[PDB]
Protein chains: 2
Amino acid sequence: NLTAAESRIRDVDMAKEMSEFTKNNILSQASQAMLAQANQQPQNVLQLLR
Amino acid sequence: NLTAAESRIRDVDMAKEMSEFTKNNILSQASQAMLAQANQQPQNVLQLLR
C-alpha cells in the first residue's frame, strides 16, 4: 500500500501525459504556423510600397 | 509589452508615411511646375516690349 500511494504521487498515468504531449505539440506547431502567417504581414507592406 | 510601446514611439506606420511621401512629392512637382509657369511671366513682358 505504501508502494501504491508512492506511485500515485510520483509515477505518472502515462496515457494522460501522452494526450498532454500530443496536445502541447499541436500548440507548438500551431505557433510556428502563426509565425508563417505573422512574418508575412510586412511583405504586403512592401506591396503597397511597390 | 515594452517592445510594443517602444515600437509605438519610434517605429513608423509605414503606410501612413508612404502616403505622406507621395503627397509631399506631388507638392514638390507642383512647385517646380509653378516655376515653369512663374518664370514664363516676364517673357510676355518682353512681348509687349516687342
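- Judging from the entry metadata, cryo-EM is the method by which this structure was determined, and 3.8 Å is the reported resolution.

- Labelled according to the PDB entry, chain A appears under the name Flagellin, originating from Bacillus subtilis.

## So, the overall build of chain A
(1) Moving on: On a plain count of helices and strands, chain A comes out with three helices and zero strands.
(2) Moving on: In chain A, the succession of helices and strands from N to C terminus is α-α-α.
(3) Moving on: Taken over C-alpha atoms, the radius of gyration comes to 22 Å for chain A, far larger than the 10 Å a tight globule of 50 residues would show.
(4) Moving on: Counting all 50 residues of chain A, 0% fall into the buried class.
(5) Moving on: By element, 58% of the accessible surface of chain A is carried by carbon and sulfur atoms, the whole surface being about 4900 Å².
(6) Moving on: Charge centroids of chain A, computed over 5 positive and 5 negative side chains, lie 13 Å from each other.

## Looking at the layout of surface pockets
(1) Moving on: There is about 180 Å³ of room inside the largest pocket.
(2) Moving on: Residue lining of the largest pocket: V45, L46, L48, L49 and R50 of chain A together with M14, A15, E17, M18, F21 and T22 of chain B, and that is the complete set.
(3) Moving on: At the level of secondary structure, the elements contributing two or more residues to the lining of the largest pocket comprise α3 (42-49) of chain A together with α2 (14-38) of chain B.
(4) Moving on: Of the residues assigned to the lining of the largest pocket, the class counts are eight nonpolar, one polar and two charged.

## Overview of a nonpolar patch on the surface
(1) Moving on: On the surface, a cluster of nonpolar side chains totalling about 340 Å² of accessible area is made up of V45 and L48 of chain A together with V12 and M14 of chain B.
(2) Moving on: Topologically, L48 of chain A is positioned in helix α3.

## What to know about the pattern of salt bridges
All names here are of chain A.
(1) Moving on: As enumerated under the stated definition, the model contains two salt bridges over all chains in all.
(2) Moving on: We note a salt bridge from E20 to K23, for which the minimum N-O separation is 2.6 Å. Residue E20 and its partner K23 are located together in helix α2 (residues 14-38), separated by three residues, close to a single helical turn.

## Examining the environment of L2 of chain A
Residue and element names in this part refer to chain A.
(1) Moving on: Along the polypeptide, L2 turns up in helix α1 (residues 2-9).
(2) Moving on: Given a relative accessible area of 74%, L2 falls into the exposed group.
(3) Moving on: Once the C-alpha coordinates of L2 and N25 are considered, the two residues, 23 residues apart in sequence, prove to be 35 Å apart.

Calculation rules
- Residues numbered from 1 in each chain as written, not as in the entry; some residues may be left out.
- Chains lettered and ligands numbered in written order.
- Part of a larger assembly, values for the part shown.
- Heavy atoms only, no water.
- Helix = DSSP H or I, 4+ residues; strand = E, 2+ residues; numbered from the N terminus.
- Rg over C-alpha atoms; globule rule 2.2 N^0.38 Å.
- Buried < 20%, exposed > 50% of the residue type's maximum accessible area, 1.4 Å probe, protein only.
- Areas by Shrake-Rupley, 256 points an atom, 1.4 Å probe, with all protein chains shown as cover.
- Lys, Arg positive; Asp, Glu negative; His and termini not counted.
- Charge placed at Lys NZ, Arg CZ, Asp CG, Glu CD.
- 1 Å grid on protein atoms, 1.4 Å probe; cavity = no way out; pocket = protein on both sides within 12 Å on 5 of 7 lines; lining within 4 Å.
- Points joined across faces, edges and corners; volume = space filled by probe spheres on them.
- Nonpolar A, V, L, I, M, F, W, Y, C, P; charged D, E, K, R; others polar.
- Patch = residues over 30% accessible without salt bridge, like charges linked within 9 Å, V, L, I, M, F, W, Y side chains within 5 Å.
- Salt bridge = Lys/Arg side-chain N within 4 Å of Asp/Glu carboxyl O.

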